[PDB]
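Heads up: the structure comes next, in structure tokens.
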Amino acid sequence: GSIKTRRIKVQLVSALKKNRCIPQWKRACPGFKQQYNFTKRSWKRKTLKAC
Amino acid sequence: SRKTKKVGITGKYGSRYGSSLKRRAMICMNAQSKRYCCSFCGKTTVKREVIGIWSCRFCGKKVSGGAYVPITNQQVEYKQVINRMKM
Amino acid sequence: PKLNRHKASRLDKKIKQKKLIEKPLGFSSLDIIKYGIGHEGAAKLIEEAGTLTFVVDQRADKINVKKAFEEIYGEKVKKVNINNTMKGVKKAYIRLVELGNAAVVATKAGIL
Amino acid sequence: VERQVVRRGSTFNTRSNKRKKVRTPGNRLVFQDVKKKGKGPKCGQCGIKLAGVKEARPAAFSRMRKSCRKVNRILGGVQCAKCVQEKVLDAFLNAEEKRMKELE
Amino acid sequence: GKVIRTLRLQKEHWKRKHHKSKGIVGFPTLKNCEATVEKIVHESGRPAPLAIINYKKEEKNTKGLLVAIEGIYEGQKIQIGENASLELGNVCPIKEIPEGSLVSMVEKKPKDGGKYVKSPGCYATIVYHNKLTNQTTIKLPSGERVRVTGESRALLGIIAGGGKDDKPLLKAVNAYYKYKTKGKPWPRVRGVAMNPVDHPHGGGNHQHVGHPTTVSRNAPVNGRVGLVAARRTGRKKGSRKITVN
RNA sequence: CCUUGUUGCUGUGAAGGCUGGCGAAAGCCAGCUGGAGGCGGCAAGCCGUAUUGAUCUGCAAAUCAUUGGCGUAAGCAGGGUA
RNA sequence: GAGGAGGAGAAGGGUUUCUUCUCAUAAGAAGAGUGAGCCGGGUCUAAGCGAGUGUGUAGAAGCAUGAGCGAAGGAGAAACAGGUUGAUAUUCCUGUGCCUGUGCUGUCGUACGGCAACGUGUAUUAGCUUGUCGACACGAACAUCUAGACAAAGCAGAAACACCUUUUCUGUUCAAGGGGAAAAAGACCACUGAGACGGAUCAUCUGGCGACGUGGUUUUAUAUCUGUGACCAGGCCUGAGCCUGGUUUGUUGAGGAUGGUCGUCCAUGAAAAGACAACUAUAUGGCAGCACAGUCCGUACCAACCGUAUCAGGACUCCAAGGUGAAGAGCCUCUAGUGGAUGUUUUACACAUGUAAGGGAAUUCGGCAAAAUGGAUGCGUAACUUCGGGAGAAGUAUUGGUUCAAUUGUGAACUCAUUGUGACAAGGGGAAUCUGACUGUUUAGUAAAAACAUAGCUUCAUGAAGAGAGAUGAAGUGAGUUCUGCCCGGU
RNA sequence: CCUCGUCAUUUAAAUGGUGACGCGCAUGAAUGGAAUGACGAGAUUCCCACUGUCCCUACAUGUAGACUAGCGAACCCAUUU
Ligand SMILES: [Zn+2]
Ligand SMILES: [Zn+2]
């Protein structure tokens with residue numbers, strides 16, 4: 001909801017910046033072997049436990 | 001007033017609780033609700049605030065007393081004994 | 001006394017010692033300001049309300065921002081409002097004591 | 001008939017949350033807040049409310065003029081006219097008995 | 001089995017709370033005082049009313065609590081200690097009060113503040129003064145006779161609020177309000193209606209105790225239920241009391 | 001245990017009061033006023049008697065329909081605490 | 001269908017919100033978006049928790065005292081209208097304000113009046129002490145105010161017209177701050193001097209400790225005015241600006257606010273921070289202008305929450321129109337909001353429902369299920385009873401529309417093709433026996449009961465208390481009425 | 001227990017109900033005994049009203065079901081029946 005503590009807000013801000021795919025240029029690099037970022041999440045499928 | 005032959009103030013309870021118990025309660029219930037005479041101002045304006053404490057609605061004096069009456073039987077007697085000790 | 005401090009608004013706690021050598025200039029005007037923001041959202045504010053918008057260091061407060069602007073850019077300030085955004089950036093909005101000067105400072109500084 | 005929302009705070013209908021309905025120049029019916037009522041001083045002897053003094057809440061009372069908070073007599077607010085008449089007489093009459101008991 | 005109801009209710013979190021209390025009840029310590037009765041008040045757990053008193057100790061005003069005797073009023077002046085008059089509601093050394101008199105709030109030893117008679121409607125009777133030993137015999141409301149030294153203090157009158165047990169509580173809710181502040185279990189479930197894991201009287205295909213209900217004084221605590229160390233039982237007449245002053 | 005929230009419509013008509021009549025008295029009889037009660041019929045709600053109804057690869061690891069019980073109170077509920 | 005499938009907050013979720021593009025779609029990718037001295041947190045204290053210290057333990061636990069902590073719905077200085085974005089707004093912009101402090105310049109101050117009830121005067125710090133405010137249960141009736149809703153007249157625009165109609169619909173606005181009545185309800189002051197008697201309430205009641213009367217003093221709302229104009233409706237033109245209105249009266253009325261009364265209780269219904277008055281000393285103090293200051297954290301959106309989900313379940317609160325009717329009941333409408341596995345007339349057996357000749361429980365363990373009765377008004381009401389009740393006992397009759405009398409009691413006439421609480425809503429009743437006195441509670445998910453509880457009755461132990469025999473604990477029986485015989489051999 | 005005890009009443013007909021009787025396998029007094037009122041979604045018998053419960057079934061409505069487009073599982077299984 002609208003009321004939040006400072007500690008809860010920083011957790012949300014960090015959880016929101018980490019939630020991104022692999023940038024499209026990295027895929028062209030000779031040494032790079034990852035397909036998809038397995039740390040990506042959806043609000044419909046997991047809980048953060050920020051509480 | 002007095003629209004009932006026997007039941008008096010206990011008519012509030014209908015047919016519940018025993019007959020014999022209601023007629024014991026009745027004595028106390030009639031005594032609690034009356035106004036009584038003030039010792040300080042003479043008027044009949046004394047009523048009960050809470051068990052043991054009685055109070056005058058004109059002059060504001062508060063006095064210790066019984067649970068259902070302002071002066072109890074033991075007090076009416078003992079008060080006299082003290083007056084004799086002062087002689 | 002020890003407590004978990006989960007309801008607190010300031011995340012720092014400890015009082016700080018002296019040191020044998022101290023850092024040259026300290027928290028100072030050129031650490032406080034980061035950049036002015038110039039886009040269609042900001043442009044209206046310069047044109048209508050005589051206010052600039054800036055990104056500022058997380059450690060900064062209203063009094064410090066007021067001083068730093070008057071030192072770097074030179075116009076006098078009426079008000080400062082502050083906003084911690086969802087992207088982790090502290091924004092400051094500064095209204096100048098005379099309007100019109102906002103378009104002068106913005107253009108000199110290359111914000112606009 | 002237009003219906004209202006709570007603009008600020010909580011919906012939970014406690015003593016600190018009284019509201020009234022008001023019509024604005026723009027022809028809207030809106031809720032607006034209400035401050036609590038104040039009780040003024042009662043006499044220290046008899047419990048009667050003192051004459052000549054205003055009733056307000058502590059913060060608002062302190063901002064009024066001094067004349068709103070007293071009467072010009074031996075006890076200002078504090079006690080009523082009958083209780084001071086009794087006090088003045090009692091102190092006099094007691095001193096006279098002591099005078100007599102000293103002289104006799 | 002498990003621990004019985006009687007033990008659980010004696011643990012510390014079940015002790016009566018004091019948050020609504022007015023203060024500790026008892027006499028002042030000084031040799032002589034003149035006091036004024038400030039207010040007469042009800043205290044949440046107690047049926048007898050209390051009186052707040054005001055007295056000077058050095059220059060400073062100080063406040064105390066007495067149990068109210070019947071016939072005081074707010075504003076009354078009262079006299080405490082040696083050289084007080086025999087007037088209703090004064091406090092005096094016991095040796096000054098004549099035989100056959102009725103007293104309340106009696107000190108068991110000097111300066112203890114008053115114990116003994118403190119419940120509504122109660123009093124004690126002065127039955128003997130011994131001029132050699134300086135002892136006095138008082139008859140307590142249980143019928144017990146006890147000896148106290150002549151230097152102990154006592155309040156002259158009967159405790160206010162008498163007659164309260166005349167009116168029956170006809171309903172369950174009336175009993176609820178009376179026991180809400182006491183330590184006894186209400187409502188009280190009978191032991192014969194429990195299972196044998198919960199109570200020594202539990203179990204069986206008919207509701208019965210099955211073993212005698214009179215138990216020893218030295219029995220173990222988690223089974224000491226029933227009539228503890230009874231000398232006799234049943235509704236028959238007893239025997240003559242033996243009496244000495 | 002501490003701090004709070006939540007009673008709308010109706011029936012019956014106790015205690016106390018005023019008039020009129022009857023009586024030597026004590027105190028009896030009418031009409032009106034008043035509004036008590038873990039008191040009656042219902043609403044919002046809280047519950048769970050029957051159909052041994054529907055469902056039993058369910059809408060659901062206990063639900064749905066009609067029918068029922070209480071509803072001015074040893075009633076129902078949020079947060080803090082043991 | 002206003003106890004909404006409407007409009008908003010809390011707990012919980014965390015970008016789900018806005019723009020663009022692509023299908024990959026309850027799918028992705030890239031950007032953008034949350035602004036405060038006056039709203040809430042940071043303060044105070046409840047029940048309570050506790051570092052350290054003392055005592056104890058192999059170390060712990062525990063016990064005594066006690067810094068600090070403990071409520072986003074208890075206490076708690078000061079703000080409101082109107083505008084603006086794709087997305088924020090009592091936070092931004094315009095206007096008018098307020099609280100707490102700081103500094104400059106002017107301008108005044110060092111006291112009086114009334115028999116009194118008390119008034120005039122915007123007034124400094126500091127301290128004892130005494131008191132007040134903060135600061136408080138439930139229930140009932142009666143006043144007064146404000147939202148709201150009606151009805152007439154005026155104007156402006158709409159709807160409808162094979163016929164009829166001045167028929168019908170929508171509008172007619174005024175914030176915080178400043179100034180301010182009459183009224184009603186209570187206190188009190190001066191004169192006066194009252195009874196087998198006057199005054200007064202819906203109800204209690206009230207007076208020589210001073211009635212009625214005649215003149216005053218004071219406390220508590222609201223209407224009205226200002227708030228410098230905003231905002232709305234309509235017309236004319238238009239890639240813009242002008243012009244015209246926003247006027248009068250009556251009835252009712254809270255599910256909000258306030259006031260003084262009355263009732264109930266073996267139940268009498270928080271603290272503290274922070275304030276104020278009197279008394280004592282001490283005095284460069286009041287007001288007007290102008291200027292300066294007020295840090296830190298929260299602020300988007302939810303039909304998106306918990307149940308493995310896009311789940312008929314669960315989940316704390318606020319606002320609330322017209323008709324019918326006792327009634328935020330059911331039924332019907334205005335404001336605001338809403339919807340998809342496709343076609344086919346589709347047997348039998350189902351599941352939700354209707355109707356039935358003659359008979360009327362013959363059915364079945366058993367009237368299980370269904371039918372019948374139903375609101376209001378009147379007449380008339382038994383055994384038994386703790387005299388309160390039984391009791392809506394039972395049993396019977398009436399009820400629509402129209403046009404009149406009469407004013408709350410109701411009467412009378414005329415009229416209709418099955419009759420009238422016409423739909424919706426809405427008791428079946430009696431005679432007996434076993435059992436528990438009554439309202440209440442229980443096996444969340446096969447048992448709601450005769451089981452548990454309960455008031456009352458009886459027994460037992462104690463003079464120890466932060467409690468003191470009308471007390472504090474332990475057992476048994478189960479309201480009331482009427483009784484409760486005999487046995488101490490065994491344990 | 002014997003037991004569907006005997007006598008009366010209720011029915012056309014009573015292993016039922018109510019009223020009487022009592023050497024009671026094995027009733028009984030706060031392990032509480034006995035007679036009533038008011039109140040039970042408590043157990044039991046009878047009467048009036050009422051009816052598709054029944055004699056003895058018939059007709060009609062909505063929704064599924066049959067056939068058709070799009071979408072698309074599970075229990076179970078030595079199997080030649
Ligand atoms: Zn008096
Ligand atoms: Zn006074």
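With ideal geometry, Cβ positions are generated from the backbone for all residues, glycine too; neighbour counts draw on all protein chains shown. Since every read-out is calculated from the coordinates, none of them should be taken as a lab result.
One table, with the values for the structure above:
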| item | result |
| --- | --- |
| Looking only at segment B:13-33, and only at residues there that are surrounded by 10 or more Cβ atoms within 10 Å (Cβ to Cβ) and charged (D, E, K, R), the one that is farthest from the other protein chains (Cβ to nearest Cβ) | B:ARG23 |
| Boolean, E:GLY75 is touching a residue at least 12 places away in the same chain (Cβ under 8 Å), at positive phi and surrounded by fewer than 18 Cβ atoms within 10 Å (Cβ to Cβ) | yes |
| Spans of strands (runs of 3 or more DSSP E) in chain B with at least 1 residues within 8 Å of RNA strand G (Cβ to nearest atom) | B:46-50 |
| Options E:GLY223, E:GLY210, E:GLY150, E:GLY202: the member that is more than 16 Å from ligand 1 (Cβ to nearest atom) and under 26 Å from the mean Cα position of the chain (by Cα) | E:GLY150 |
| Hits in segment E:210-241 (condition: loosely packed, with under 11 Cβ neighbours inside 10 Å and among the polar types (S, T, N, Q)) | E:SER216, E:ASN218, E:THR233, E:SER239 |
| Which listed residue, of B:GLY60, B:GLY42, is within 30 Å of D:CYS46 (Cβ to Cβ), surrounded by fewer than 16 Cβ atoms within 10 Å (Cβ to Cβ) and within 16 Å of ligand 2 (Cβ to nearest atom) | B:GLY60 |
| Options E:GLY150, E:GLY121, E:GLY157, E:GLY162; residue that is within 11 Å of chain B (Cβ to nearest Cβ), farther than 23 Å from B:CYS28 by Cα, surrounded by 14 or more Cβ atoms within 10 Å (Cβ to Cβ) and more than 16 Å from RNA strand F (Cβ to nearest atom) | E:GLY157 |
| Criterion: out of contact with any helix residue (DSSP H, G or I) (no Cβ under 7 Å at 6 or more places or on another chain) and farther than 30 Å from A:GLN11 by Cβ - qualifying residue of C:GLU75, C:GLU98, C:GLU71 | C:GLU98 |
| Pick from segment E:32-68, criterion outside any strand (DSSP E or B) and touching a residue at least 40 places away in the same chain (Cβ under 8 Å), ranking: surrounded by the most Cβ atoms within 10 Å (Cβ to Cβ) | E:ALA68 |
| Odd one out for E:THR137, checked against (1) in contact (Cβ under 8 Å) with a residue 40 or more places away in the chain; (2) surrounded by fewer than 11 Cβ atoms within 10 Å (Cβ to Cβ); (3) more than 19 Å from the chain's Cα centre (by Cα) | (2) |
| D:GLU86 being away from RNA strand F (no atom under 16 Å from the Cβ), more than 30 Å from E:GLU38 (Cβ to Cβ) and out of contact with any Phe, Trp or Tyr (no Cβ under 9 Å at 6 or more places or on another chain) | no |
| Per-region count, segment C:26-54, residues out of contact with any strand residue (DSSP E or B) (no Cβ under 9 Å at 6 or more places or on another chain) and under 30 Å from C:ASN101 (Cα atoms) | 11 |
| Some residue of segment C:76-94 being among the hydroxyl-bearing types (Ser, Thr, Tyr), over 14 Å from C:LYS34 (Cβ atoms) and surrounded by 12 or more Cβ atoms within 10 Å (Cβ to Cβ) | yes |
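Matching residues to (1) of a type in the set (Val, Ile, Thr); (2) within 28 Å of C:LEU11 (Cα to Cα); (3) free of Cβ contacts under 8 Å to residues at least 40 places away in the same chain; (4) not in a loop (DSSP other than H, G, I, E, B):
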site: A:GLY1; (1), (2), (3), (4): no, yes, yes, no
site: A:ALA15; (1), (2), (3), (4): no, yes, yes, yes
site: A:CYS21; (1), (2), (3), (4): no, no, yes, no
site: A:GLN24; (1), (2), (3), (4): no, no, yes, no
site: A:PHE32; (1), (2), (3), (4): no, no, yes, no
site: A:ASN37; (1), (2), (3), (4): no, no, yes, no
site: A:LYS44; (1), (2), (3), (4): no, no, yes, no
site: A:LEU48; (1), (2), (3), (4): no, yes, yes, no
